[PDB]
Amino acid sequence: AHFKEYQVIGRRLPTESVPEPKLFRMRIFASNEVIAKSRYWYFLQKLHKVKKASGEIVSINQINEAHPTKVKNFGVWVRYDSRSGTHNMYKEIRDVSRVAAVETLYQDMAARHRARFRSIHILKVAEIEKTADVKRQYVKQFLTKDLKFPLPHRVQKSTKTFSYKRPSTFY
Amino acid sequence: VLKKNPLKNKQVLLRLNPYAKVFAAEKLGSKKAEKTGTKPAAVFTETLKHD
Amino acid sequence: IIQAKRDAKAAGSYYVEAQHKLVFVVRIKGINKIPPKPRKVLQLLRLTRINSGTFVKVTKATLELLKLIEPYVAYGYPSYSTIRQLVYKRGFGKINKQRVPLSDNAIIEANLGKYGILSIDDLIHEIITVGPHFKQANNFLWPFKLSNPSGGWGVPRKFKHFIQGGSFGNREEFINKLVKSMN
Amino acid sequence: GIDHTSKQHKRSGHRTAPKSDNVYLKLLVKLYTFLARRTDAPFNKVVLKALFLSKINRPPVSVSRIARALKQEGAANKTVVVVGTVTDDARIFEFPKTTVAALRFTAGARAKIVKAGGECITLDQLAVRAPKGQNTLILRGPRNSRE
Amino acid sequence: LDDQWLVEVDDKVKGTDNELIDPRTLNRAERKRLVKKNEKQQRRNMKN
Amino acid sequence: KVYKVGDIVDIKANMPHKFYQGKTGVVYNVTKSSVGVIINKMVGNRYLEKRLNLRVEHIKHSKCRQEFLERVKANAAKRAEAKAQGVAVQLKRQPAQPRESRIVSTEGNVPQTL
RNA sequence: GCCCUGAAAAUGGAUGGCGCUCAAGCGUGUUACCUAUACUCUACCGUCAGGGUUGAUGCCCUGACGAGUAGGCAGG
RNA sequence: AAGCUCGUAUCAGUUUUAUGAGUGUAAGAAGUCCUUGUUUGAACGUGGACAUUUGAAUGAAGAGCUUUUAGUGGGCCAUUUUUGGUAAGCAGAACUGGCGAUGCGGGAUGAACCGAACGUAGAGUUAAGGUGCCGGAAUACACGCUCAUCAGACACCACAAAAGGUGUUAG
RNA sequence: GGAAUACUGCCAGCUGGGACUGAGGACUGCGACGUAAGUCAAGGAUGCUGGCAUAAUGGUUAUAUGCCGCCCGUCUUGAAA
Ligand SMILES: [Mg+2]
Ligand SMILES: [Mg+2]
Ligand SMILES: [Mg+2]
Ligand SMILES: [Mg+2]
Ligand SMILES: [Mg+2]
Ligand SMILES: [Mg+2]
Ligand SMILES: [Mg+2]
Ligand SMILES: [Mg+2]
Ligand SMILES: [Mg+2]
């Protein structure tokens, strides 16, 4: 669906002589909190030796974009599950929000790489402060000063089956 | 002879629950809470904003 | 519960709320082609036809049954308003092995008065707070016969997990929206 | 579709009615149906059930068996009730004075009881005398002894 | 079979007094009986 | 390590009949060399009774009823104690219950991002 | 990742047909919509079950069910 | 199908706990206490007594024992375990489903595919599959990819050597 | 620093439009509004009005249209094959 970002903080169950186990936080992109918690347990078991049965979720909070009406460039570092192994991929996405950039990235992985949400891992989404660190041409072409472009061949949606006039594509 | 849903029939609702009259009169379905000025800790804010 | 969460954040801590003590379960798949062990567990939870629902007290003994019948149910944590609307609209009692509608407080007093339950609101209380007589109250309630959801299931394919875009399994708090659509 | 946990349309049975076409037997069944419904007495329940039994399940009760039942302590003045036929027995030489209620008496059995000094009464006479079956003793004859 | 860890007792052994004996012991006795019978047959061929 | 008739044993090898590994049965026959074991096996819709003969080192005394015996003793003792000192006691086992609320402190335990 | 080649016989024929090219193709996401003898509610038939009742193998009240070959029982 | 019983009786294609194995067994009247009798100890007893807080969860109104006879018993397909294999198909075991006796919706059509099992109707809502037209239902919205001198809309098996290409896109 | 709004949830909040159904047949019950006598949407539809009064509604029959429907019985897994 449309993505939200959550911080999920969990821990092992306290035992005898071991109070206050270490708290682990993870940033998860998901459609809702049930999916977010599921992905968190998946990664915690994949990385450490912690199971959902032996642990608990301490906190889960939605994280909002700080400046959702500011256009930013994002470097996205991902890796996808494969027979040859984990494969790094770096992409650049221009958008106003991290969740919008991640939604674009998932749609793009489905379109080009034929990849699914369960197969894609997000390693890091970072905002590029300076425009000189942008290094993909399909993003750098939109960083030109006084950028103006037209939209040739305008196709207007018709509400009726028949039109009494030949259409125009002018804009 | 005929089952009447108390969620739609007010007489049946009042027959089953005498407190529904008090609830409607006091507007307890729209009760306002007292406001407090409790502030979260800076450690919570830093952990929430942390990457 | 709300203020405790506010005080925990103010003191730099985290309030971890108590685990849910009650689930509501709805059978989602039909009676054709069910493996034997899940079929038996569905019968033991009294989900004998599609869109039949029951309340289950959460213990370690019951979580494993839910795990066994996961591909054929949708279940979650019901809210008080969901329980109340279920009991008011589709609440029927098992009296002398017959399905008797709960249209008066006298029927409930005559059948559950030995456990201190005098009215439909007392029954609702005993369900929501999983009390000492939860087993008796819950078995007194006849299994709920829900309709298909009024707006649909929201997915093209029902028989995948709720996490993977389907319908079955634990959907936690979203069971309230689903059951209110089905009620 | 419903996954039935039990068999559908299953009869309880329990021999609801007698299989005879005897008008007098149907009258007695009607009377004890009324009594078993309107008294809540287990005696009337037992009598109503025994009125439905088949012939091979209603074996005769002898006067010697009745006398042996009467020899029990505290039971000398009770009315003996046999839902069936009371037959005579030449192997016994002394018979007490008692009242017997039965569907049928053989001529020898009735003569022996009346000679001893009691009376042979019908089950409706018993119904009037003891509408709850007070001070009675129901006797059943041997089952396995026929084959 | 003498060193086999587990043997299932045949149902034909029921109804007899040989039910309680070890099947390995029964097989050893049968083997020795066959060998001694072979020796007796050799002795008979020798006498002929 | 003496086995008698009616004793309950577990089958454990220290090649054939690999089905009867971890099955539990009842001793019916004890000789100088072997032990007879009664086993209930599922054949169709009805259990069938089988006689197995094992070596001594391939079985051991089973501990299946030990919890039941200890619980019976403890229940009798606790019921007697509650009879002596008039108080309400609970003697049935319970399933493991869901946990209660708690406050988790980040005092020295500041959560770390993976 | 998508595309082309990566072998084919032999009456004229097939993504079911028409046809479709920023698709009416392919991958994915969000909603709306269509309709099974399935699910919910109501009526009616029959069957079973539980009750009540001084034309009584009748009457009344209540609940739940209804696939079916060989075969079985029952009422016509 | 008939009887005798019992009916907090008898249980259960399920979980839990304990205890084995790498799915088995057990969880109370077919009990338990004191009292010291049997060949200082195992194993059986003399006599009394403790309940509706009689020994996990969930469900269940029928259960047990006796008699009592119509029709049928070598089938096909699929899933999961094990052992051996072939140019390749596969072959021997064990357990579990589906079908024959069975209609209905969908997959254009159909033994084993996807939904769902069936009294007679009305109304509402859906499943699977779909919504250019045939045909009920958006020539909907959104991000990308592809132009094939017989594309594709397919079975995820084979052709297939992850081979060939100055097609094109992103790593 | 102080507001607003989205999102999610709740109300025994108010209210407009459409469709199908009207089983039961003296009373008895649980309730509600009233100080009260009474009244009510509370153990299942009544009130008011019009036209027609016969082929008008309906049935039957011959057909037309849309969609569905292979020839039965037997015998063999199975059969249009
Ligand atoms: Mg709709
Ligand atoms: Mg669908
Ligand atoms: Mg049905
Ligand atoms: Mg199409
Ligand atoms: Mg598409
Ligand atoms: Mg159309
Ligand atoms: Mg070829
Ligand atoms: Mg007409
Ligand atoms: Mg046709």
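A, B, ... follow the sequence lines: proteins, then strands. Residue 1 opens every chain.
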Answer with base, sugar-phosphate or nothing: what part of the nucleic acid does [X] contact at a heavy-atom distance below 4.0 Å?
| X | result |
| --- | --- |
| C:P156 | sugar-phosphate |
| F:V89 | base |
| A:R136 | sugar-phosphate |
| D:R140 | sugar-phosphate |
| F:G25 | nothing |

Have a look at H:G100 and give me syn or anti from its glycosidic angle (syn if within 90° of zero).
->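 This nucleotide is in syn.
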Out of C:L47, C:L45, C:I69, which residue meets the side-chain contact (heavy atoms from CB on, under 4.5 Å) rule with C:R27?
->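 With C:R27 as partner, C:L47, C:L45, C:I69 yield a single side-chain contact (heavy atoms from CB on, under 4.5 Å), made by C:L47.
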Two-distance pair test [N] [M], Watson-Crick or wobble, each under 3.5 Å:
| N | M | value |
| --- | --- | --- |
| H:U131 | H:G105 | no |
| I:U60 | I:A37 | no |
| I:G31 | I:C40 | yes |
| H:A43 | H:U38 | yes |
| G:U53 | G:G58 | yes |

So, is F:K92 close to the H:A56 phosphate, meaning a side-chain N or O under 4.0 Å from OP1 or OP2?
->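 Looking at the OP1 and OP2 atoms of H:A56, neither is under 4.0 Å from any side-chain N or O of F:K92.
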Between B:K21 and I:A32, is there a side-chain N or O to OP1/OP2 distance below 4.0 Å?
-> no
Give a yes or no on whether a donor-acceptor pair under 3.5 Å exists between the nucleobase atoms of [N], that is its base, and the side chain of [X].
| X | N | answer |
| --- | --- | --- |
| F:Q90 | H:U53 | no |
| C:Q43 | H:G59 | no |
| F:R93 | H:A27 | yes |
| F:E67 | H:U17 | no |

Watson-Crick or G-U wobble mate for [N], both contacts under 3.5 Å:
| N | value |
| --- | --- |
| G:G66 | G:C45 |
| G:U40 | H:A123 |
| H:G171 | none |
| I:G47 | none |
| I:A64 | none |

With a 6.0 Å cut-off on ring centres, are C:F144 and C:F92 close enough?
-> no
Nearest-Å distance for atom pair NZ/P, residues C:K33 and H:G115 =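 Taking atom P of H:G115 as the reference, NZ of C:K33 is at 9 Å.
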I:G24 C1' sits how many Å from B:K3 NZ, rounded?
->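 After rounding, the gap between these two atoms is 19 Å.
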Assign each of A:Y138 and F:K60 to its nearest nucleotide of RNA chain H by heavy atoms, then name whichever residue's nucleotide is nearer the 5' end.
-> F:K60
May B:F23 be described as stacking on the base of I:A12, applying a 5.5 Å centroid limit and a 30° limit on plane angle?
->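 Yes; by the centre-distance and plane-angle rule, B:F23 counts as stacking on I:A12.
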Quick one: does A:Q62's side chain have a donor or acceptor within less than 3.5 Å of a partner on A:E5's backbone?
-> no
Take atom P in H:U58 and the same atom in H:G48, then report the distance between them in whole Å.
->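 Pairwise P distance, H:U58 against H:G48, rounds to 39 Å.
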